[PDB]
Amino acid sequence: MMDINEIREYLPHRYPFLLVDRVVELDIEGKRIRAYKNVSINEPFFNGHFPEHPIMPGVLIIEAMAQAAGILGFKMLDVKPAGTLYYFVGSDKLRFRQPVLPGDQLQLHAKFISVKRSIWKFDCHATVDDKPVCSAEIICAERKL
């Protein structure tokens, strides 16, 4: 497990862009991670997306996954960042199904695929109550701000 403070030792992200509230399982060997992001109406983006109809942005669901991928990529090499960041460089298959709503517990999954040099590929899935909500193959480049 990992609470918000540990999470913040791995991600430089801060308000209003830290989209991982907890990491429930770190399958150290399976090279995969399970974490969630509580979706609440008391978040800053809801008012603008959209007035009268709150729907968590999809791009934000993407960002949530990449952030989880990042944590994983670090724990795998049993290290503690320095600044060091898994820069979101691209993505292939990227899809959404049902929309995420206030009150939902966005579940995040990321599985290690490859890594050619500095590039990393992850297979990420976001789900609400087991029902799939998003899926994409995230691509990151280990960089240093």
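A residue's number is simply how far along the shown sequence it sits, counting from 1.
Peer 1: What does the record say about the segment between residue 82 and residue 83: how many deposited residues are without coordinates (none, 1 to 3, 4 to 9, 10 or more)?
Peer 2: The entry has 1 to 3 unmodelled residues between residue 82 and residue 83.
Peer 1: Looking only at CA atoms, which has the higher mean B factor in the entry: 35-43 or 112-120?
Peer 2: For C-alpha atoms only, the mean B-factor is higher in 112-120.
Peer 1: Highest mean C-alpha temperature factor of the two stretches 60-68 and 92-100, which is it?
Peer 2: The deposited B-factors put 92-100 ahead on the C-alpha mean.
Peer 1: Based on the deposited C-alpha B factors for this chain, I'd like to know if residue 2 is in the lowest, middle or highest third.
Peer 2: As the PDB entry reports it, the C-alpha B-factor of residue 2 lands in the highest third of its chain.
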